[PDB]
Structure formats: structure tokens, C-alpha cells
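Atom set for the values below is all heavy atoms of this structure, side chains included, hydrogens, waters and symmetry mates excluded. In what follows, residues are counted from 1 in the order of the sequence shown.
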Amino acid sequence: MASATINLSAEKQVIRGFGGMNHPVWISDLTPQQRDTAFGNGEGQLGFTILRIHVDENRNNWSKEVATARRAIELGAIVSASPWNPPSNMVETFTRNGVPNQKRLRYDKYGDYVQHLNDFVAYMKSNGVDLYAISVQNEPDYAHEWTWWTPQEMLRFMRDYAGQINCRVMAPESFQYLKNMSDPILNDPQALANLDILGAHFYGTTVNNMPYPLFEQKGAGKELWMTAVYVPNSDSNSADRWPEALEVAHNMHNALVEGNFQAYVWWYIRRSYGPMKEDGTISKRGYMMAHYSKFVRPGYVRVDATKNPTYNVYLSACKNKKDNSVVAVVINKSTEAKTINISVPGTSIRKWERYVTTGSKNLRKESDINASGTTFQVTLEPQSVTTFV
Ligand SMILES: O[C@@H]1[C@@H](O)[C@H](O[C@@H]2CO[C@@H](O[C@@H]3CO[C@H](O)[C@H](O)[C@H]3O)[C@H](O)[C@H]2O)OC[C@H]1O
Ligand SMILES: O[C@@H]1[C@@H](O)[C@H](O[C@@H]2CO[C@@H](O)[C@H](O)[C@H]2O)OC[C@H]1O
């Protein structure tokens with residue numbers, strides 16, 4: 001009989017949401033039906049609340065983003081946009097660690113690059129897409145195939161130019177949440193003032209690298225978003241592999257509880273290793289996401305809770321401040337069942353519904369949990385995720 005405690009009085013980060021990437025230039029756009037599967041929150045829908053899109057370097061491509069972005073917004077999502085390269089007339093080449101022909105933004109074009117970003121913001125606004133945020137650069141520190149920014153180039157842009165962007169500014173979107181890319185911004189008062197959202201990717205980011213003390217120190221009034229990952233691999237036709245898919249839930253748990261992230265955004269929504277399969281159905285990896293996205297809605301607040309109450313069991317909890325209700329997401333990676341007494345002191349809640357995913361069922365509604373006082377005794381099937389609501 002393991003125990004856990006959920007402390008509804010110890011509020012952590014406010015949840016902004018969950019979602020993934022659309023890229024209708026590199027791959028096919030989501031279809032009408034796939035837009036609904038991704039951003040609706042009905043039966044057989046993922047309940048995503050964040051769409052990420054790219055800012056094409058060629059403005060003649062911008063129209064390709066509109067249908068999916070508009071539909072996501074109609075269904076209640078917010079949209080964030082990231083550039084990979086500036087327009088070619090703003091780029092120059094340089095040699096980086098002996099590798100020639102690498103791209104950077106010309107320093108003398110920083111003002112023009114702001115205008116490019118602002119033009120994108122205005123174009124999208126004119127088409128019913130009020131962007132929540134725009135990034136300086138996708139993966140400035142992993143730009144073999146796009147545009148590099150050193151930590152200092154990123155800093156100088158954030159300090160000197162980002163205040164001119166007509167949107168919330170996201171930076172720096174390091175590929176692995178490398179703190180050398182973001183520390184300069186947090187330490188410079190002008191750059192920090194111009195920041196709105198600290199964005200990070202999770203490729204190869206270990207749990208020990210998910211906390212960020214400097215952001216805890218300096219980041220008041222800034223959001224913290226995990227804007228791209230796939231886990232645990234991008235193997236072809238892997239999205240239903242079990243128990244590998246449990247790594248998706250675990251990574252989300254870790255982002256939330258170890259990283260204090262307010263948003264978790266996958267790479268391509270529709271892909272053979274993604275949350276939606278090429279046939280338009282939800283994969284096992286997608287149901288992992290859905291355990292969070294369908295239930296932990298924007299504006300819920302994470303609360304302190306025993307994160308790992310017994311070996312191979314992981315727990316997160318979020319509160320709806322409208323009525324102090326609780327959503328708990330509990331991962332059991334063990335090959336045996338686990339029984340846990342979850343204490344929720346001070347709650348007036350006395351019953352939880354539960355939905356369970358395993359290798360053989362998806363979001364199956366199982367028997368209700370009736371509390372004895374403020375303690376909810378739950379039994380977790382082997383190799384499962386359960387959301388309690
Ligand atoms: O020239 C273009 C290529 O650059 C492009 O290759 C893609 C580059 O992006 C990789 O996706 C990355 C996945 O990991 C993180 O989320 C990255 O930031 C993404 O950019 C893709 O796997 C490549 O296919 O292909 C299109 C071509 O026009
Ligand atoms: O798609 C790209 C990934 O392939 C890349 O993967 C990471 C590279 O660094 C390693 O230390 C990590 O283990 C690995 O996941 O991340 C960047 C992304 O653009």
C-alpha cells in the first residue's frame with residue numbers, strides 16, 4: 001500500500017495546453033477531418049489546445065497555413081509560429097566549426113527580420129488567426145539545415161530588436177533545452193523584458209536537465225513552453241508500439257512536474273510515429289497525450305503532488321480553480337498492478353471517474369473511485385495510464 005498526497009494549496013504552473021505541429025509545405029496539411037480529430041475534444045478526438053506552425057521564408061507560402069490554423073482556433077486552440085530561415089535576401093553564409101556555407105541572419109538585417117515576422121503576424125490576423133506568439137528561431141543551436149544563432153546573436157536580437165515584434169515573443173527554442181541559449185536573455189533586463197515565452201525543445205533532454213533554476217529566479221511573468229519533441233524515437237510505423245508508447249506519457253509527466261512546463265507540443269501531429277497515424281486514427285502515442293490533453297484543460301493549475309509514489313508509478317495533478325476539482329494522471333510502467341492510497345487533504349470531492357489506456361484498450365472508462373474521507377484508493381493495471389477526473 002503505497003501512498004501519495006495531492007496538495008491543492010501548493011499551486012505550481014498554470015497550464016497553457018498541449019498539441020503538435022502542422023507543416024503543409026514540408027508534408028501534407030491536415031485534412032478537414034484530421035483538424036477535427038486533433039483539436040476537437042469529443043469522442044475519438046485528441047483535445048489538443050495548441051497548434052504550432054512555421055513562418056515560411058517565402059511569403060507566397062503563408063496562405064497554406066490558414067485553413068488548419070483557423071480551424072484549430074475555431075475549436076478553441078491557440079497558435080504559435082516559429083521560423084526556420086529568414087528570407088534569403090537577409091541571410092549570409094559563414095563557416096561554423098569548420099563546416100562551410102552555414103546560414104545566419106545578417107546583423108544589418110535584424111530590423112528587416114522584425115518586419116518579416118510582423119508581416120506574418122499581420123497576414124495571419126487578416127485571415128482570422130490571431131497568433132498567441134511568434135519565435136525568433138526554431139533550434140538556433142541545431143541549424144545544420146536552417147539558420148544558426150549563437151547565444152550572443154540571440155541575446156542581441158532579444159535585447160535590441162525583439163521589442164519591435166507585434167506579438168508575444170518566444171525564444172530561444174533550443175533543440176535540447178540547452179541553458180547556454182537562454183541564460184543570456186534571463187540575465188539581461190532589456191532582453192528579458194522583450195521575452196514573453198521561454199520556449200524549449202526536448203530532443204535528448206534528460207530529467208536532470210528539465211529543472212531551470214535561473215528561470216525560477218528571473219522568469220516572473222514569463223511563460224514556459226516545451227514546443228517540440230518526439231519520443232522515444234521516430235521509427236517508421238512505431239506509433240502503436242507497446243509498452244514503448246508509455247515513454248510519451250512519462251516525458252509529459254516529466255515536462256510538467258520536473259520542468260514546470262505550461263505547454264507540451266509534439267512534432268508533426270500526423271505521422272507514422274506521431275499522435276495521429278497516417279490513416280487519421282489516434283495512435284497509442286496519441287492516447288498517451290490525450291490522457292493529459294483531453295482532461296487537463298487550459299487554465300487548470302498544476303499542484304504539488306507526490307510525483308513517484310512507488311517504483312515505476314508516476315503521478316501529476318492539476319486543479320480547476322472554478323470548482324477546485326482535480327485531474328490526476330497516473331502512469332504505471334510496472335508489469336504488475338499497483339494499489340495506491342491517494343490523499344487529497346481538504347478536498348470536498350468524493351468521487352473520481354477514471355479512464356484507462358493499456359496495450360489492449362484506449363481511454364476505457366472503468367469503475368468509479370469512491371473516496372473514504374479525503375483518501376482515494378486506486379488500483380493501476382500493469383503498463384497503463386489512468387486519468388482520474
Ligand atoms: O530542405 C528541407 C529540409 O530541411 C527538410 O528536412 C526536415 C528538417 O526538419 C526535420 O524535422 C526536425 C524534427 O526535429 C525537430 O522538431 C526539428 O526542429 C525539425 O525541423 C525533418 O525530419 C526533416 O524532414 O525536409 C524538407 C526540405 O524542403
Ligand atoms: O530531428 C532532430 C533530432 O534528430 C535531434 O536529435 C537529438 C540530437 O542530439 C542528441 O544528443 C539527442 O540524443 C537527439 O535526440 O534533435 C534535434 C532535431 O532537430
Side-chain angles (χ1 to χ4, degrees), residues 15-55 63-82 124 127-133 138 199 201-202 225-231 234 237-240 245 248-249 251-252 255-256 261-300 327 329 355 357 362-363 385 387:
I15 302 300
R16 181 67 61 240
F18 303 92
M21 184 77 185
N22 190 51
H23 200 309
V25 177
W26 288 351
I27 67 166
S28 292
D29 194 14
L30 297 186
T31 70
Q33 294 93 320
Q34 292 162 5
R35 297 164 186 146
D36 288 349
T37 303
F39 297 103
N41 199 23
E43 176 71 27
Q45 308 181 323
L46 282 160
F48 291 171
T49 47
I50 300 176
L51 173 65
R52 187 170 175 250
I53 67 176
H54 88 292
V55 182
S63 65
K64 296 174 179 305
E65 307 300 325
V66 174
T68 292
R70 284 200 76 145
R71 185 59 175 157
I73 295 172
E74 286 181 346
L75 292 170
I78 67 182
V79 182
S80 184
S82 298
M124 296 304 290
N127 278 282
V129 179
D130 187 17
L131 293 171
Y132 193 88
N138 174 77
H201 302 175
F202 259 21
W225 290 28
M226 199 301 293
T227 53
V229 81
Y230 50 76
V231 295
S234 62
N237 299 320
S238 63
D240 285 336
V248 174
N251 191 244
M252 292 176 78
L256 294 168
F261 278 91
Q262 299 177 266
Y264 185 103
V265 185
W266 196 264
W267 186 229
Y268 300 141
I269 290 164
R270 186 198 68 250
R271 215 65 173 156
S272 76
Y273 60 90
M276 182 189 299
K277 298 171 50 175
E278 295 290 357
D279 70 357
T281 69
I282 297 173
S283 71
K284 290 292 181 182
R285 295 185 187 186
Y287 284 113
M288 299 297 89
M289 296 191 71
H291 271 277
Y292 298 89
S293 57
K294 294 184 67 58
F295 303 103
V296 178
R297 305 302 293 175
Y300 286 26
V327 175
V329 183
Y355 297 85
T357 301
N362 299 312
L363 290 168
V385 185
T387 302

Residue set satisfying ring pair (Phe, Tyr, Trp, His ring centres under 6.0 Å) with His54, at least two apart, ordered chain then number -> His23

Across all chains, not counting sequence neighbours, the ring pair (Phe, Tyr, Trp, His ring centres under 6.0 Å) partners of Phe39 are none

Distance in Å, [X] [atom1] paired with [Y] [atom2], rounded so as to fall on 0.5 Å steps:
X: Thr37; Y: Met276; atom1: OG1; atom2: CE; answer: 5.0 Å
X: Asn251; Y: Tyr264; atom1: CG; atom2: OH; answer: 3.5 Å
X: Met21; Y: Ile269; atom1: CE; atom2: CD1; answer: 9.0 Å
X: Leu51; Y: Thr68; atom1: CG; atom2: OG1; answer: 7.5 Å
X: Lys64; Y: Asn22; atom1: NZ; atom2: CG; answer: 12.0 Å
X: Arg16; Y: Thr49; atom1: CZ; atom2: OG1; answer: 9.5 Å

Got a donor-acceptor contact below 3.5 angstrom from the [X] side chain to the [Y] backbone?
X: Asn127; Y: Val129; answer: no
X: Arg270; Y: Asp29; answer: yes
X: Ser283; Y: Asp240; answer: no
X: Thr387; Y: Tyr355; answer: no
X: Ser293; Y: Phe18; answer: no

So, do [X] and [Y] sit near enough that their side-chain heavy atoms are less than 4.5 Å apart?
X: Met288; Y: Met252; answer: no
X: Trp26; Y: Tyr268; answer: yes
X: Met124; Y: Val66; answer: yes

Query raised in the report: Is it the case that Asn237 and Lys277 place a side-chain donor and acceptor less than 3.5 Å from each other?
Result: no

Salt bridge (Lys or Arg N to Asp or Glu O under 4.0 Å) pairs touching residues 289-300, sequence neighbours excluded, are none

Worksheet entry | Intermediate values then yes/no, side-chain contact (heavy atoms from CB on, under 4.5 Å), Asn138 and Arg52 | CA-CA 11 Å; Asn138 174 77; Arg52 187 170 175 250; 2.9 Å; yes

Go through the steps to decide whether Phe295 and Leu363 satisfy the test side-chain contact (heavy atoms from CB on, under 4.5 Å), and finish with yes or no.
CA-CA 11 Å; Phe295 303 103; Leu363 290 168; 4.0 Å; yes

- Given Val248 and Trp266, is the side-chain contact (heavy atoms from CB on, under 4.5 Å) satisfied, shown in steps? CA-CA 10 Å; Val248 174; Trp266 196 264; 3.8 Å; yes

Closest non-hydrogen atom pair, [X] against [Y]:
X: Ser80; Y: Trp225; answer: CB-CZ3, 3.8 Å
X: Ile50; Y: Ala263; answer: CD1-CB, 3.5 Å
X: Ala245; Y: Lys284; answer: CB-CB, 3.9 Å
X: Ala38; Y: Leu46; answer: O-CB, 3.5 Å

Side chain to side chain donor-acceptor pair (under 3.5 Å) for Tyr230 and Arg271? Distances and angles first, verdict last. CA-CA 11 Å; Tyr230 50 76; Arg271 215 65 173 156; over 6 Å; no

Which residues share a side-chain hydrogen bond (donor to acceptor under 3.5 Å, both in side chains) with [X], sequence neighbours left out:
X: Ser272; result: none
X: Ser234; result: none
X: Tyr300; result: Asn320

query = side chain to side chain donor-acceptor pair (under 3.5 Å) between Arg285 and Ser238: does it pass, once the steps are laid out?
reply = CA-CA 9 Å; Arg285 295 185 187 186; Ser238 63; 3.2 Å; yes

Practice problem: Decide side-chain contact (heavy atoms from CB on, under 4.5 Å) for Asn362 and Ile282; before the verdict, give the C-alpha distance in whole Å, the side-chain angles of both, and the deciding distance to 0.1 Å. | Solution: CA-CA 9 Å; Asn362 299 312; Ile282 297 173; over 6 Å; no

